[PDB]
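**Student:** Using only what follows, build the 3D model:
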Amino acid sequence: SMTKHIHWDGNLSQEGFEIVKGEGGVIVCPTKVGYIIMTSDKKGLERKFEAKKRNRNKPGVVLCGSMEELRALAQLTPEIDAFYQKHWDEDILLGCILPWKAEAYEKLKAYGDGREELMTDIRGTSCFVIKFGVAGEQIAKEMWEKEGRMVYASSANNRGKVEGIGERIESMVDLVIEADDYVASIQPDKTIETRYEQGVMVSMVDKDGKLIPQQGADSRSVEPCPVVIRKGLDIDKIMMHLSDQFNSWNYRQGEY
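**Tutor:** Numbering: from 1, shown residues only. Structure data below:
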């Protein structure tokens, strides 16, 4: 009920790491567009859904700390792989809905705690995200490289401010990391009414959850194809990259 608050200094949070590494750990953490709740197991995921009162059919997302973790876990084509690399190189926040590699999904289930219920959907897909904010990027990278563990997330209710997360969430969590100034510096040209509050999402799967086909630089009008389903931070740079990499794609705001 009482909760410890600390200020992020730009280096890896050792306190935040040790908490999420521990069984059932749950923290709040700053991102480029606001605040997220972060956990790494089924016990922590239950706490998250309860605290937000979130629909159980709406899964948490997978936070990637490197391109190596992404390629170990998700099915890819050479175009999709190349699409992500450019976002990595240029440091742009990006999320894509992909299927799991068969062997990765077996390992996933090996944990035995039944976490697949809360971070994949019924078709077996997840949203894999990169370059979402340094503070959380540092923690996800340590967990992966030094413990072989994954980290999962959902948004912390907020207008970009830590006092916006609300009383319920704040008392049910083990630690809150603050950095209001970091969040504000990301969009200095905007106001509270005009700033983006979420990141872009792109579907890379057809309606059954199967990977979209390879197009080819010389093809036209190929379907099924990539689909933008949520508008967000840097949408202008992302559509420019879509049109450089695919001759065929769709824009469908509000389909998630």
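**Student:** gap between the residue of the chain positioned farthest from its centre and residue 247?
**Tutor:** Farthest-out residue of the chain from its mean C-alpha position, per C-alpha atoms, centre = their mean: residue 218, at 32.4 Å. Between residue 218 and residue 247 the computed distance is 8 Å (C-beta to C-beta, to the nearest Å). All C-beta spots, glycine's among them, are computed from the backbone N, C-alpha and C.
**Student:** which residues in the stretch 101-250 of the chain form strands?
**Tutor:** Applying DSSP state E, counting those that start in this stretch to the stretch 101-250 of the chain gives strands spanning 125-130, 152-155, 175-178, 201-203, 227-230, 250-251.
**Student:** Turn those into a markdown table, columns for distance to residue 137 and mean neighbour count.
**Tutor:** Formatted as a markdown table, the strands of the stretch 101-250 of the chain follow (distance: least, C-beta to C-beta, whole Å; neighbours: other C-beta atoms under 10 Å):
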| stretch | distance to residue 137 | mean neighbour count |
| --- | --- | --- |
| strand 125-130 | 8 | 22 |
| strand 152-155 | 12 | 22 |
| strand 175-178 | 13 | 20 |
| strand 201-203 | 19 | 21 |
| strand 227-230 | 21 | 18 |
| strand 250-251 | 28 | 13 |
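**Student:** Can you add distance to residue 11 and give those strands back as JSON lines?
**Tutor:** Below are the strands of the stretch 101-250 of the chain laid out as JSON lines (distance: least, C-beta to C-beta, whole Å):
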{"stretch": "strand 125-130", "distance to residue 11": "21"}
{"stretch": "strand 152-155", "distance to residue 11": "21"}
{"stretch": "strand 175-178", "distance to residue 11": "12"}
{"stretch": "strand 201-203", "distance to residue 11": "30"}
{"stretch": "strand 227-230", "distance to residue 11": "32"}
{"stretch": "strand 250-251", "distance to residue 11": "39"}
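**Student:** Residue 21: which of those strands is closest?
**Tutor:** Distance to residue 21, taken as C-beta to C-beta, is lowest for strand 175-178 among those, at 12.4 Å.
**Student:** who touches residue 155 in this structure?
**Tutor:** Shown in contact with residue 155 (C-beta atoms under 8 Å, 6 or more residues apart in numbering): 34-37, 198.
**Student:** farthest-separated two in those residues?
**Tutor:** 37 and 198 (14.7 Å).
**Student:** quick one, which of those two is more surrounded?
**Tutor:** Set residue 37 next to residue 198 and count neighbours by other C-beta atoms under 10 Å: residue 37 wins out with 27 against 15.
**Student:** Look at the more buried one and give its secondary structure.
**Tutor:** Three-state call for residue 37 (DSSP: H, G, I helix; E, B strand; the rest coil): strand.
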